[PDB]
Amino acid sequence: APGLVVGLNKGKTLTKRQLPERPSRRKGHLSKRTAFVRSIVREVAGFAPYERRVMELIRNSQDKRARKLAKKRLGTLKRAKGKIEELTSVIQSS
Amino acid sequence: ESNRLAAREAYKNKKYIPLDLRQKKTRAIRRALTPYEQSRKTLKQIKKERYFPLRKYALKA
Amino acid sequence: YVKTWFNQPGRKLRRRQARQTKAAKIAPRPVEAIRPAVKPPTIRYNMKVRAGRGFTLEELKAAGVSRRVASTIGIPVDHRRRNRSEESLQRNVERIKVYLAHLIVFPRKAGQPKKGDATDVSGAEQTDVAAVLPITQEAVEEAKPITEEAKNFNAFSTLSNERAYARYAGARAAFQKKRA
Amino acid sequence: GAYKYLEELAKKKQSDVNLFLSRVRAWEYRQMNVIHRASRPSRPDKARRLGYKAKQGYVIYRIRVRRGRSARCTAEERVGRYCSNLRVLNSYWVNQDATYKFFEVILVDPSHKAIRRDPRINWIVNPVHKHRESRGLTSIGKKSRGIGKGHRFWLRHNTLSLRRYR
Amino acid sequence: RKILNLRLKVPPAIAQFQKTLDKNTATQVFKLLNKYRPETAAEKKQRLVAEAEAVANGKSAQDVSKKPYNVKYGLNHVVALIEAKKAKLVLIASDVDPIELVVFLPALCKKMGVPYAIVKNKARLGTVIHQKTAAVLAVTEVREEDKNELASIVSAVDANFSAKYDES
RNA sequence: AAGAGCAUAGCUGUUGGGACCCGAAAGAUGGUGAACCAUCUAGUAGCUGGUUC
RNA sequence: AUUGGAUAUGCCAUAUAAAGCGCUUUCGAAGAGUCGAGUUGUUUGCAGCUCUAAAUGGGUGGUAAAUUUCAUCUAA
RNA sequence: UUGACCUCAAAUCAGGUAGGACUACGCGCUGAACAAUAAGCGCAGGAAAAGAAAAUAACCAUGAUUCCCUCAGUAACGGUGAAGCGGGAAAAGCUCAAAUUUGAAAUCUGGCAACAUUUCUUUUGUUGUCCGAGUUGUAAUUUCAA
Numbered sequence: 002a003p004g005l006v007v008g009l010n011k012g013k014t015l016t017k018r019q020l021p022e023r024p025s026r027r028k029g030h031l032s033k034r035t036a037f038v039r040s041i042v043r044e045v046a047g048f049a050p051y052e053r054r055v056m057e058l059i060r061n062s063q064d065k066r067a068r069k070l071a072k073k074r075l076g077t078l079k080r081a082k083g084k085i086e087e088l089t090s091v092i093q094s095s
Numbered sequence: 062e063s064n065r066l067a068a069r070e071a072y073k074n075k076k077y078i079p080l081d082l083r084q085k086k087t088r089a090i091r092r093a094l095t096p097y098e099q100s101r102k103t104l105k106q107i108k109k110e111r112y113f114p115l116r117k118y119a120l121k122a
Numbered sequence: 021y022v023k024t025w026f027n028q029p030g031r032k033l034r035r036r037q038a039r040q041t042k043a044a045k046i047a048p049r050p051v052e053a054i055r056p057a058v059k060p061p062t063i064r065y066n067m068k069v070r071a072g073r074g075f076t077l078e079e080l081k082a083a084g085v086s087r088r089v090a091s092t093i094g095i096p097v098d099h100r101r102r103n104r105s106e107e108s109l110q111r112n113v114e115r116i117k118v119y120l121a122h123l124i125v126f127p128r129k130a131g132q133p134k135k136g137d138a139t140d141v142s143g144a145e146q147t148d149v150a151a152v153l154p155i156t157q158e159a160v161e162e163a164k165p166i167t168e169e170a171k172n173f174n175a176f177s178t179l180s181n182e183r184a185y186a187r188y189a190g191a192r193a194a195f196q197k198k199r200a
Numbered sequence: 002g003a004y005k006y007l008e009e010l011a012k013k014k015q016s017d018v019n020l021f022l023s024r025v026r027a028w029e030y031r032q033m034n035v036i037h038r039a040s041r042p043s044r045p046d047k048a049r050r051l052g053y054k055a056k057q058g059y060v061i062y063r064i065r066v067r068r069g096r097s098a099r100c101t102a103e104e105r106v107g108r109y110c111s112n113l114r115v116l117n118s119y120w121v122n123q124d125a126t127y128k129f130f131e132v133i134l135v136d137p138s139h140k141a142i143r144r145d146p147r148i149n150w151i152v153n154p155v156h157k158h159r160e161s162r163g164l165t166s167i168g169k170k171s172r173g174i175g176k177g178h179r180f189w190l191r192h193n194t195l196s197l198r199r200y201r
Numbered sequence: 062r063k064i065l066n067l068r069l070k071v072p073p074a075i076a077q078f079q080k081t082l083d084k085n086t087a088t089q090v091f092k093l094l095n096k097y098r099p100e101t102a103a104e105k106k107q108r109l110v111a112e113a114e115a116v117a118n119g120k121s122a123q124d125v126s127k128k129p130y131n132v133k134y135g136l137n138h139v140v141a142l143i144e145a146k147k148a149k150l151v152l153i154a155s156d157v158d159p160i161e162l163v164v165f166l167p168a169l170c171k172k173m174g175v176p177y178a179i180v181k182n183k184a185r186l187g188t189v190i191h192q193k194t195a196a197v198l199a200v201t202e203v204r205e206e207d208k209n210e211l212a213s214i215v216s217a218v219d220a221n222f223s224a225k226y227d228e229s
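Chains as they are written, first to last, in full-length UniProt numbering: chain A, 2 to 95; chain B, 62 to 122; chain C, 21 to 200; chain D, 2 to 69, 96 to 180, 189 to 201; chain E, 62 to 229.
#1: When you compare each of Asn118/E, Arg68/E, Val140/E and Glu161/E to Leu152/E by their alpha carbons, which one comes out closest?
#2: Do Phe75/C and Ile95/C have their C-beta atoms within less than 9 Å of each other?
#3: List the residues of chain B that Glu145/C touches, going by C-beta distances under 8 Å, in chain order.
#4: Going by beta carbon distance, what residues of the same chain come within less than 7 Å of residue 85/D, once the five residues before and after it are set aside?
#5: Would you mind reading off the limits of the beta strand (DSSP E) that contains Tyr21/C?
#6: With a threshold of 16 other CB atoms inside 10 Å of the CB of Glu161/E, please say whether the residue is buried or exposed.
#7: Looking at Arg102/C: is its Cβ nearer than 9 Å to the Cβ of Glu78/C?
#8: For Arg100/C, which residues of its own chain have a beta-carbon under 7 Å away from its beta-carbon, when the five flanking residues on both sides are left out?
#9: Could you list which residues in chain D have their beta carbon closer than 9 Å to that of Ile160/E, in chain order?
#10: Measuring straight from C-alpha to C-alpha, what distance separates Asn85/E and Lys208/E?
#11: Report the three-state DSSP secondary structure of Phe26/C (helix, strand or coil).
#12: What would DSSP say about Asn174/C, mapped onto helix, strand or coil?
#13: In whole angstroms, what separates the C-alpha of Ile41/A from that of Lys92/E?
#14: Does the beta-carbon of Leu169/E have 16 or more other beta-carbons within 10 angstroms, so that it is buried, or is it exposed?
#15: Under a CB-based cut-off of 9 Å, is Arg44/D close to chain B?
#16: Considering just the uninterrupted stretch of the beta strand (DSSP E) at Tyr177/E, what are its terminal residues?
#17: Are there 16 or more other CB atoms within 10 angstroms of the CB of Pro56/C, so buried, or fewer, so exposed?
#18: Might you give, ordered along the chain, the residues of its own chain that have their beta carbon closer than 7 Å to the beta carbon of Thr16/A, omitting 5 neighbours on each side?
#19: What number of angstroms, rounded off, separates the C-alpha of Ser229/E from the C-alpha of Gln15/D?
#20: According to DSSP, is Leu142/E helix, strand or coil?
#21: Which of the three DSSP states, helix, strand or coil, is assigned to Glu202/E?
#22: Going by CA-CA distance only, name the one from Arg199/C, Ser180/C, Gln132/C and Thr147/C that's closest to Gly8/A.
#23: Whole-angstrom Cβ separation of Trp28/D and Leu65/E, contact assumed at under 8 Å?
#24: What do you get for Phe129/D, buried or exposed, if any count of 16 or more other CB atoms within 10 angstroms of its CB means buried?
#25: Which residue marks the beginning of the alpha helix (DSSP H) containing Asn85/E, and which one marks its end?
#26: If you follow the beta strand (DSSP E) that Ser196/D is part of, which residue opens it and which one closes it?
#27: Comparing C-alpha positions only, which one of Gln146/C, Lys164/C, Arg115/C and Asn172/C sits nearest to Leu153/C?
#28: At a cut of 8 Å, does the segment 129–144 of chain E reach the segment 93–110 of chain E through at least three beta carbon pairs?
#29: Starting from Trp120/D, trace the beta strand (DSSP E) in both directions and tell me its first and last residue.
#30: Would a C-beta distance cut-off of 9 Å place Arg99/D and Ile167/D closer than the cut-off?
#31: Please classify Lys127/E as buried or exposed, where buried requires at least 16 other C-beta atoms within 10 Å of its C-beta.
#32: Thinking C-beta only, is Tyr62/D closer than 9 Å to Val106/D?
#33: In whole angstroms, give me the CA-to-CA distance for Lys105/B and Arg187/C.
#34: Kindly provide the ranges of any alpha helix (DSSP H) runs that are 4 or more residues long and lie completely inside the segment 138–162 of chain C, ordered along the chain.
#35: For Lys84/A, does the count of other Cβ atoms within 10 angstroms reach 16, so buried, or fall short, so exposed?
#36: Consult DSSP for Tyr59/D and reduce its assignment to one of helix, strand or coil.
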């Protein structure tokens with residue numbers, strides 16, 4: 002804020018006070034309890050066929066096809082990349 | 062008059078009485094929630110009103 | 021279909037009797053609750069000051085009253101709003117402070133003063149809150165001297181080029197990361 | 002509590018365990034009536050978070066609807108038409124086959140003396156809450172008719196306003 | 062049923078419930094359980110009187126008696142107990158109608174390394190706890206004289222159940 | 001380039017509402033009887049007729 | 001004649017009490033055939049159909065850039 | 001040989017409840033030749049519906065819903081046609097699921113005996129006791145503002 006109207010600093014020049022963090026923003030945070038529960042359900046429930054198919058695609062280094070196929074299954078790139086990275090961590094964990 | 066009164070003391074302090082002696086205001090009033098249940102509240106709200114009820118206040122002119 | 025307004029005097033009289041009946045119902049306490057001093061959110065209206073919904077949890081914490089006591093004694097609380105400029109902290113604070121100063125709380129349970137509510141009770145009076153607590157507009161300045169350093173400040177040196185600097189900041193930043 | 006495991010399991014709807022259990026239960030539900038009382042919900046966690054409590058007055062009816096208006100909404104209306112002396116709280120999904128959508132529907136007894144004395148549920152007793160789904164006020168109904176809070180969601192235009200002074 | 066069951070073979074997560082404990086260990090497991098049956102409602106009223114004069118005379122000893130050793134029940138309560146690893150014996154009803162309620166529990170308890178077992182019929186477990194129905198039972202602490210045979214049956218369960226089943 | 005507009009009422013003209021009045025088959029919705037009925041309807045009217053000192 | 005509830009008064013109550021706010025040495029669970037994507041109909045919304053989620057995630061926008069930061073909210 | 005638990009029956013068993021009418025105004029579904037209309041079907045109340053942000057915005061920031069004026073015949077679409085902001089009417093906030101109390105299911109319906117109270121011999125409860133419901137979860141505490 003240069004006491005002015007324009008620029009990538011613009012605004013009326015004041016002393017901003019550091020506002021506290023509100024509990025609504027807490028969403029998405031991991032709980033060791035729920036992280037444990039998700040571990041249990043992952044180990045007991047298993048996997049749907051489509052992630053099964055893509056993981057030996059990672060196993061035989063068929064990465065690009067698996068990424069495209071994961072995109073087709075879910076719909077968005079971020080969901081697809083989020084999927085494959087967690088399966089890969091499962092792959093190295095195994 | 063005599064028989065129906067005679068019925069009423071007969072069935073006084075008895076929980077269940079014939080339909081021809083019960084109240085007849087309207088159907089909706091009969092099915093409505095009785096004040097007692099209307100006033101029923103959790104003891105969470107009991108705590109709220111016991112410790113923080115509406116007050117009497119004012120302002121000085 | 022065709023909305024006619026032949027009830028306009030009638031509806032106005034209904035509200036009057038609504039206020040008079042409401043006020044007479046709770047006569048001791050003021051008819052209208054207090055509201056904070058808040059600024060309209062846009063470049064057209066941001067200079068003005070108007071009345072908001074309630075005082076944010078920051079202000080009640082500063083003013084020394086809990087969010088429970090405030091609701092009981094007629095101070096509305098707004099949780100959605102958050103106040104960031106510490107003047108908005110301020111301007112609402114003494115607003116709560118002077119409201120508490122002029123506020124008189126009748127003791128519960130047969131007029132034995134509890135904590136610091138009050139002792140006198142005959143001072144029961146129903147007053148307009150905007151009288152004791154009017155909302156003011158922005159304090160404008162008058163008769164300030166010198167600022168010949170701003171004289172040499174030739175406006176567009178900021179406006180014209182910083183506006184261009186803002187416009188070309190993205191392209192400039194892309195340039196710097198490119199040749200790096 | 003054991004409920005956290007339940008919806009995490011329930012979320013994995015293509016798991017083999019859920020896939021098997023859906024079919025065996027779907028085969029069974031095809032052989033009862035199209036609508037039938039259930040002693041206890043097949044997904045206690047789902048009903049519990051939808052407002053069901055294991056106490057007298059609450060009741061669960063299972064129903065199936067032909068696939069091919097929402098399937099969820101048609102479930103409630105048919106149940107409400109069947110159990111006409113009850114106020115239907117909510118509903119939730121359970122099973123499918125190639126042809127059917129299976130639902131379990133929660134209803135509350137408005138005249139029962141346990142419901143009337145429980146402050147959390149007395150609101151259903153009041154007469155404005157009878158046959159909500161014929162009025163489209165339930166969870167699915169409110170979402171179906173597009174009601175919500177936002178920009179994303189008639190007779191204030193076609194009317195002509197003629198003030199006293201104009 | 063039968064054609065549907067075998068056509069797509071029952072997954073081991075569900076197949077583990079159709080195989081259960083033998084009759085003999087069940088009898089001795091029950092024999093220990095009746096020694097720790099939860100207090101009867103009538104007995105509850107009697108001790109409520111006992112605490113009545115206790116609190117009159119300054120709550121006496123810890124209420125009137127020592128810690129109430131008994132069995133632990135309730136699916137939510139037992140799951141909270143096994144998570145804290147306070148439980149020493151876990152007993153699961155074999156025929157729960159929605160199997161999802163305990164379809165995860167054996168895998169959970171195996172991860173905690175706790176001796177557990179599947180006992181036939183929910184009604185018998187409920188009879189242990191004066192209830193019409195008990196989906197799961199838990200033993201977390203007993204008296205010292207009962208420690209010896211409790212370890213014995215745990216070893217026996219870990220010899221004709223927990224160990225022999227394992228992950229198949 | 002040393003601002004002239006704003007508001008109200010009236011007259012006249014025009015556009016839209018049934019639209020100066022009267023009058024065409026028809027069409028739809030829902031019914032009754034073995035075609036009829038009621039609403040939409042005061043419709044399409046580019047015309048016929050009438051239109052007051 | 002009832003009733004409006006306040007005022008005072010009288011009597012029981014139980015009150016071994018619980019709650020609000022200084023602090024945290026931390027923990028914070030948060031709603032699934034749902035969101036979403038494609039597809040067909042209809043007036044972005046909804047609906048049928050096949051697929052089907054995730055935990056700083058998800059929705060929504062100012063920006064960027066077609067991705068990004070930033071802002072704001074916490075659905076089923 | 002018996003007893004549990006579960007599933008399902010049966011009662012001219014005890015207690016309750018639903019239909020139908022009005023429908024000016026509410027909320028749905030359907031829908032014509034205009035019109036998200038008329039007609040048709042469903043369901044409510046004295047109001048209904050909506051409602052305490054998965055909302056705005058781009059500011060020095062706003063703060064549930066509803067209504068009025070304005071935005072504005074503007075944006076947008078191709079004659080249709082909003083909304084944010086501003087002013088005003090009115091203002092009121094909240095409750096669950098998700099964790100335990102495991103040193104005590106502390107919870108609840110009903111049968112029976114008493115004590116009452118009444119718009120009221122017609123109502124509404126309370127106490128005691130019994131029985132059942134309920135550990136596949138009734139209470140207390142907590143709902144993100146935390």
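Ideal placement from N, C-alpha and C gives every residue a C-beta, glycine not left out.
If we stick to the structure as given:
#1: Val140/E
#2: yes
#3: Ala119, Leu120, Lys121 and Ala122
#4: For chain D, the structure lists 69 followed at once by 96, and that leaves residue 85/D out of the model.
#5: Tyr21/C -> no beta strand (DSSP E), and no H or E assigned at all.
#6: buried
#7: yes
#8: none
#9: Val18 and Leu22
#10: 19 Å
#11: coil
#12: coil
#13: 33 Å
#14: buried
#15: no
#16: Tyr177 to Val180
#17: buried
#18: none
#19: 24 Å
#20: helix
#21: coil
#22: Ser180/C
#23: 6 Å
#24: buried
#25: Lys84 to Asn95
#26: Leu195 to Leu197
#27: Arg115/C
#28: yes
#29: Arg114 to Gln123
#30: yes
#31: exposed
#32: yes
#33: 57 Å
#34: 149–152
#35: buried
#36: strand
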